[PDB]
Every structure is written in structure tokens, then in C-alpha cells.
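Have a look at the structure below before the remarks.
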Amino acid sequence: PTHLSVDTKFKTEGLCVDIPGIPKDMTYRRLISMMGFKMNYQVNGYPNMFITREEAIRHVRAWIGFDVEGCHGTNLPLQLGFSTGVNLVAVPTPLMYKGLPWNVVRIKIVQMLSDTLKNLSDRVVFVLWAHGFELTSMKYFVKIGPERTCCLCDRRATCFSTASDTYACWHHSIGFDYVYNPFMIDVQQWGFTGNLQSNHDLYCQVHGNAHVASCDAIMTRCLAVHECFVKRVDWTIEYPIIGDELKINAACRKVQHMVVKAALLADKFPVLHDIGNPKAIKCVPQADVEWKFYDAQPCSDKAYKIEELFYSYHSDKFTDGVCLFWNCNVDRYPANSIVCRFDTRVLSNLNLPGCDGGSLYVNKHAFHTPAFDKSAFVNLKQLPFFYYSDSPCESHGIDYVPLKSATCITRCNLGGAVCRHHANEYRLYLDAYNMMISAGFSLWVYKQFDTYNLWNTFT
Ligand SMILES: CN1CCN(C(=O)c2ccc(F)c(F)c2)CC1
Ligand SMILES: [Zn+2]
Ligand SMILES: [Zn+2]
Ligand SMILES: [Zn+2]
């Protein structure tokens, strides 16, 4: 049990308005044949165009919702909608493109998928709420065969060109006209009562139905994300390295140590309530503070209500000392907090669009995060950048330009001249900090926080 068997049954009830008279009894093997594709008993890495829910989850980065709406098909033009917001009109002769023949529509489809996916995945997964026209339109822009490699590199082939008889990955497909060996999954096979809008609208109020094909495509991928990452959570699945994952995670650990250590030095709280990951470890092991842990897994649906995380009868007096919410998404943080909250609006290769304003952050594991809400931070302020160090000024062991900065909180800067060691360390920390902020993380602190209070930790 690795791939989806072609002899698995496919419910055809969702297809019978576009395809009247369709057999109730149907397998993937028969459906693929009906779509105009011949699989030829091929044992070459592509056993089925359709995939299991588990395989779709492992390839979430490849997901592109796809819907085809009859404009008037063979006699009628088709509207092709994608979860990128694109709408193309194909003639058989929110981006709305006028009616053009399939030979130019297919070139645009290869361009769009390659630009959307080259930095995310090695394939495309067409996410459907299948009614008929999308499955029968695939023959016009999809070619299938054995698994192949790119003509310009070692990556797997995702495109094909009839002009040159060659294959390409998403990075080298300029001028290619066919999508090669795409994958697909029909959300209607998952057991749903009612149409797409009624099921989507149960969990999401951000995507509307402007009665256009790309709207349905967006709603379909959104519903597929809710089922696989919001109401079902599997944090065991590992995902490939596609960007700055390692630098981002390292920066987050450095920033956490720095910020918490400085808060403990400046305000000397007697107790720290660490609320979040049940696997968390003391980020400042040398601090005198009474460190107390509270377990709460990452919320994927709605942000935690502070009343449920805290109240209902632990020091119990969460008002005493400071609360650390490191990636613990709550509706309204208490005033005595140190907070790291992922901004779901961030544009990046790690952050995929999610359900109800939320986003799916994929860095080693998939974490659907609830919508970023500025009101959660009303009792706090934005934590300003600063670098603090009590380590000795000693070079040991990269050229130099004298560093001058009001945010380099060290003994050497206090004594009017930053040493080479704290200047290298300051610049490295500033880079780690910028990496974290650019990845989408936002830092928030109690209003009494003042880096001026750190200078006296040097006597
Ligand atoms: C005389 N000491 C005792 C109390 N003290 C700490 O508790 C402390 C140590 C290291 C840290 F990183 C930190 F955040 C806090 C610093 C001053
Ligand atoms: Zn290539
Ligand atoms: Zn939605
Ligand atoms: Zn120094």
C-alpha cells in the first residue's frame, strides 16, 4: 500500500450532470481511459494520475485547485480556473482572460504552473471538486508516460514540448506546451454531503463565490487544506528543504534566548510561565527565575481563548512574573508577556495560503496557523531590535569596519568603543533577527520593557 490502486472505485455521482449516463460502477483505470489517456501496463513510476489523501498531504506544496466551468464542451467555450486566481477561456474552434484556442491556452498553463511551483515542489497536484468538464479538458493540456528527468537538469520532468520533443522541470520549461505527468485528487471522493460552497462556507468566511471558475478552485484547495491540516493534524510528516528553513529555525532559537534573557535581566521577574509546546526546554538555562511549563499544542483552527488556557482553577497566579508565549497563538495576550506570533499574511515559499485567513507554514512540518490579528497585542508593544551581551571582550581566532550603534548593549559600547568580537556577534545577531522577521515572525513585549535597564547589568 504505497500508491492509489487504479482498480479502486470512484464515485461518479458528482460527474453525472456534465456527463449524463455515466456508469455508477467505475474504477480509476476506467475513468483515466474515459478521459482519453492510455496507461499501457507501464511500471515506470507513474502508476495512477490520481493519488491518495496521504500522498496529497505529503505533497501539499504542489496543490493547485482546478475547476472548469461551461461558458456555453466541443461546441462551447470553457472557463479554466486555478487557485492562483487565474481564469483562462479556451475555445474549441480574479484575472479574467478572453477566449483563445487550446494551443495558446496550454502554453499559458505551463508558464503559470512553472512560476507558481518551481520554488515549492517537484510536481503539481490538481485539487478537484470533480463534476466532469475538468477531467475531460485535461487531454487538451496534459501528456502522460513514464517518469522522466529534465533535459537541462537532474530534476523530475513536469513539462513537455511538442516543438522540440523534449521534457523539462518547473525551472527550465520556458516555451513548453504540455503539463507532463500531473497528479490529481477529487475532494468529492472524501464523503461530503452537499455542494462545494456549503461545505467550504462551514469553515471559511474569507473566500467568496463570485460565480467564476477560479473562485471554486480556491474554495476546493481551501476545503482540502481544512480537512488535511486544520481538523486533522499530522506533525510526524517531514517535508523537504526548499529555502532558508535551517537559518530561520536557528535565528528563532537565538532571538528567543536573547529576548528572554534580557527581560529576566532588566526586570528580574521571580517566576516565568512558559505556555506552549509540551516539548519545550528552558531557553535561558542560567537564569535564577522559577521556570514553570504549561503544555498547549499549536492551534490550527482558532486562536486559544486566554480564559481557557489560564482560568478554571501551576502557580495559578499568572499575573505574577512574566508569561512566555513562543508561538502559542492566543486571542489576547496578558499585559506581562513575551510573545512570538507568526504573521500569516507574510509572502514566502514556506507560507502557503490557508483556511479562513489562516496560513499553512511548512518548515520541516506543516503548521496551519490561525489568521494574524493585530487586536491580540493590545496590552503589549512591538519589541524593538537590540543586541545584548555580557560575554568578555576578547577576539580569539573576516575583516573589520568600526561598529557604532545605540542598540549594541555591551560593556565595550558602554565604555564608548565596541570591541571586534561584539561587533562580529552584533552583525551576526542582526542578520539572524532580520531572517526571522522576514520569515513572518513578529515579536511583542510588555509595555514596561526598556533596554536602558540593561546597561546597569555592568557594574
Ligand atoms: C547576580 N545574578 C543573579 C540573578 N541573575 C539571573 O537570574 C540571571 C542570570 C543569567 C541570565 F541570563 C538571566 F536572564 C538571569 C543575574 C544576576
Ligand atoms: Zn530542469
Ligand atoms: Zn476558504
Ligand atoms: Zn566587547
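We name chains A, B, ... following the order of the C-alpha cells; residues begin at 1 in each chain, and ligands are numbered from 1 as shown.
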* Asked: Where in region 18-90 of chain A does DSSP assign alpha helix (DSSP H), given as a list in words?
  ->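 Secondary structure check on region 18-90 of chain A, alpha helix (DSSP H): residues 28, 29, 30, 31, 32, 33, 34, 53, 54, 55, 56, 57 and 58 of chain A.
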* To do: List every residue of region 309-373 of chain A that DSSP, applied to the backbone of this structure, places in strand (DSSP E or B), and write the result as a PyMOL selection string.
  => chain A and resi 322-326+330+337-342+351-353+359-363+365-369
Using only C-alpha atoms and all ligand atoms, find each residue in chain A having at least one atom no more than 9 Å away from ligand 3; report its shortest atom-to-atom pair and that distance in Å (one decimal), rows by chain then rising number, as a Markdown table.
| residue | atom | partner | partner_atom_place_in_ligand_line | distance |
| --- | --- | --- | --- | --- |
| A:200 | CA | ligand 3 | 1 (Zn) | 6.1 |
| A:201 | CA | ligand 3 | 1 (Zn) | 7.1 |
| A:203 | CA | ligand 3 | 1 (Zn) | 7.2 |
| A:204 | CA | ligand 3 | 1 (Zn) | 4.5 |
| A:205 | CA | ligand 3 | 1 (Zn) | 6.4 |
| A:206 | CA | ligand 3 | 1 (Zn) | 5.6 |
| A:207 | CA | ligand 3 | 1 (Zn) | 4.5 |
| A:208 | CA | ligand 3 | 1 (Zn) | 7.7 |
| A:218 | CA | ligand 3 | 1 (Zn) | 7.0 |
| A:219 | CA | ligand 3 | 1 (Zn) | 5.1 |
| A:220 | CA | ligand 3 | 1 (Zn) | 8.0 |
| A:221 | CA | ligand 3 | 1 (Zn) | 8.1 |
| A:222 | CA | ligand 3 | 1 (Zn) | 4.7 |
| A:223 | CA | ligand 3 | 1 (Zn) | 6.5 |
| A:226 | CA | ligand 3 | 1 (Zn) | 8.5 |
| A:354 | CA | ligand 3 | 1 (Zn) | 7.3 |
| A:355 | CA | ligand 3 | 1 (Zn) | 4.9 |
| A:356 | CA | ligand 3 | 1 (Zn) | 5.4 |
| A:357 | CA | ligand 3 | 1 (Zn) | 7.7 |
* Asked: When the cut-off is 6 Å and you count only C-alpha atoms and all ligand atoms, which residues lie near ligand 1, shown as an NGL selection string?
  -> :A and (261-262 or 264-265 or 284 or 286-289)
Could those selected residues go to a file with N, CA and C atoms, as a compact mmCIF listing (two decimals), in the first residue's frame?
# COMPACT_ATOMS: atom_id res chain seq x y z
N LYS A 261 16.36 36.28 27.98
CA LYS A 261 17.48 36.59 28.87
C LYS A 261 17.49 38.08 29.27
N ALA A 262 17.30 38.98 28.30
CA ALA A 262 17.31 40.40 28.58
C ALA A 262 16.14 40.82 29.42
N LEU A 264 14.61 38.94 31.68
CA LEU A 264 14.92 38.45 33.01
C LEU A 264 15.98 39.33 33.67
N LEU A 265 16.93 39.89 32.92
CA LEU A 265 17.98 40.74 33.50
C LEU A 265 17.46 42.14 33.84
N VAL A 284 16.75 29.94 28.47
CA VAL A 284 17.82 30.65 29.20
C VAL A 284 18.16 29.77 30.43
N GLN A 286 20.66 29.45 32.42
CA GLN A 286 21.40 30.01 33.54
C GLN A 286 20.59 31.02 34.37
N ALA A 287 19.31 31.28 34.04
CA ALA A 287 18.52 32.25 34.81
C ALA A 287 18.04 31.73 36.18
N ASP A 288 18.06 32.60 37.22
CA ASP A 288 17.67 32.27 38.60
C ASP A 288 16.19 31.94 38.72
N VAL A 289 15.35 32.62 37.91
CA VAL A 289 13.89 32.54 37.84
C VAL A 289 13.29 31.14 38.05
* Selected residue, from A:169, A:16, A:163, A:86, that lies nearest to ligand 2 when counting only C-alpha atoms and all ligand atoms ->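 Nearest candidate to ligand 2 out of A:169, A:16, A:163, A:86: A:169.
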Counting only C-alpha atoms and all ligand atoms, which residues of chain A fall within 6 Å of ligand 2, and what is the closest atom pair for each with its distance in Å at one decimal, ordered by chain and rising number, as CSV?
residue,atom,partner,partner_atom_place_in_ligand_line,distance
A:150,CA,ligand 2,1 (Zn),4.5
A:152,CA,ligand 2,1 (Zn),4.8
A:153,CA,ligand 2,1 (Zn),4.2
A:155,CA,ligand 2,1 (Zn),5.5
A:168,CA,ligand 2,1 (Zn),5.3
A:169,CA,ligand 2,1 (Zn),4.3
A:171,CA,ligand 2,1 (Zn),5.3
A:172,CA,ligand 2,1 (Zn),4.7
* Hey, what's within 12 Å of residue 195 (chain A) if we count only C-alpha atoms and toss same-chain stuff fewer than 2 positions away? As a PyMOL selection string, please? -> chain A and resi 13-14+129-131+187-188+191-193+197-202+216+219-220+223
* Within 10 Å of ligand 4, counting only C-alpha atoms and all ligand atoms, which protein or nucleic acid residues do you find, written as JSON, numbers by chain? -> {"A": [389, 390, 391, 392, 393, 394, 395, 408, 409, 410, 411, 412, 413, 414, 415, 417, 418, 419, 420, 421, 422, 423, 424, 425, 426]}
* May I have the residues within 9 Å of residue 136 (chain A) as a PyMOL selection string, using only C-alpha atoms and disregarding those fewer than 6 positions away in the same chain? => chain A and resi 34-36+73
Suppose we keep N, CA, C and O atoms; can you now write the selection as a compact mmCIF listing (two decimals), in the first residue's frame?
# COMPACT_ATOMS: atom_id res chain seq x y z
N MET A 34 -11.46 6.90 -20.05
CA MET A 34 -12.58 7.76 -20.45
C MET A 34 -12.12 9.22 -20.65
O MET A 34 -12.69 9.97 -21.46
N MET A 35 -11.09 9.64 -19.91
CA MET A 35 -10.53 10.98 -20.06
C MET A 35 -9.64 11.13 -21.32
O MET A 35 -9.25 12.25 -21.65
N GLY A 36 -9.34 10.02 -22.00
CA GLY A 36 -8.52 9.99 -23.20
C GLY A 36 -7.06 9.65 -22.99
O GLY A 36 -6.23 9.99 -23.83
N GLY A 73 -16.95 20.35 -23.65
CA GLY A 73 -18.00 21.14 -24.30
C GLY A 73 -18.18 20.87 -25.78
O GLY A 73 -19.31 20.66 -26.23
* Looking at only C-alpha atoms, which of A:225, A:78, A:340, A:309 is the one that sits closest to residue 93 (chain A)? -> A:78
* At what distance in Å, to one decimal, does CA of residue 107 (chain A) lie from CA of residue 177 (chain A)? ->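 Computed distance, CA of residue 177 (chain A) to CA of residue 107 (chain A), equals 4.5 Å.
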All residues 6 Å or closer to residue 82 (chain A), only C-alpha atoms, same chain fewer than 4 positions away omitted, as a tab-separated table (two decimals) with N, CA, C and O atoms, in the first residue's frame:
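After the write, result_4.tsv holds the following:
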chain	number	residue	atom	x	y	z
A	65	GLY	N	-5.72	24.13	-6.90
A	65	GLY	CA	-7.14	23.91	-7.12
A	65	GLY	C	-7.48	24.21	-8.56
A	65	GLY	O	-6.92	25.14	-9.15
A	66	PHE	N	-8.28	23.35	-9.17
A	66	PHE	CA	-8.61	23.48	-10.58
A	66	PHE	C	-10.09	23.19	-10.83
A	66	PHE	O	-10.64	22.19	-10.35
A	86	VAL	N	-6.22	32.79	-11.47
A	86	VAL	CA	-6.25	32.89	-12.92
A	86	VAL	C	-7.46	32.19	-13.56
A	86	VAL	O	-7.84	31.09	-13.15
A	214	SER	N	-12.17	30.27	-11.04
A	214	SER	CA	-11.08	30.40	-10.06
A	214	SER	C	-11.59	30.48	-8.63
A	214	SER	O	-10.87	30.09	-7.72
A	217	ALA	N	-12.07	26.89	-7.56
A	217	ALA	CA	-10.73	26.32	-7.45
A	217	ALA	C	-10.08	26.69	-6.11
A	217	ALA	O	-9.45	25.84	-5.47
* To do: Between CA of residue 31 (chain A) and CA of residue 128 (chain A), measure the distance and give it in Å to one decimal.
  => 14.6 Å
* Asked: What is the distance between CA of residue 81 (chain A) and CA of residue 68 (chain A), in Å to one decimal?
  ->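 If I compute the distance from CA of residue 81 (chain A) to CA of residue 68 (chain A), I get 6.1 Å.
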Determine, counting only C-alpha atoms, which protein, DNA and RNA residues have an atom within 9 Å of an atom of residue 32 (chain A); residues of the same chain fewer than 5 positions away are not included. Present the result as a compact mmCIF listing (two decimals) with C-alpha atoms, in the first residue's frame.
# COMPACT_ATOMS: atom_id res chain seq x y z
CA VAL A 6 -6.22 2.04 -10.39
CA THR A 27 -12.64 2.50 -11.23
CA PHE A 37 -5.32 8.59 -21.62
CA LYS A 38 -3.73 5.13 -22.15
CA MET A 39 -1.65 3.75 -19.24
CA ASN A 48 -2.00 6.37 -11.49
CA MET A 49 -2.80 10.04 -12.36
CA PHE A 50 -4.95 10.10 -9.12
CA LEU A 135 -11.44 15.77 -16.20
* Which residue, A:9, A:317, A:58, A:247, has the smallest gap to residue 436 (chain A) when you use only C-alpha atoms? ->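 The closest residue to residue 436 (chain A) is A:247.
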* Distance query residue 8 (chain A) at most 9 Å, only C-alpha atoms, self and fewer than 2 positions along chain excluded, as a ChimeraX atom specification -> /A:4-6,10,26-29
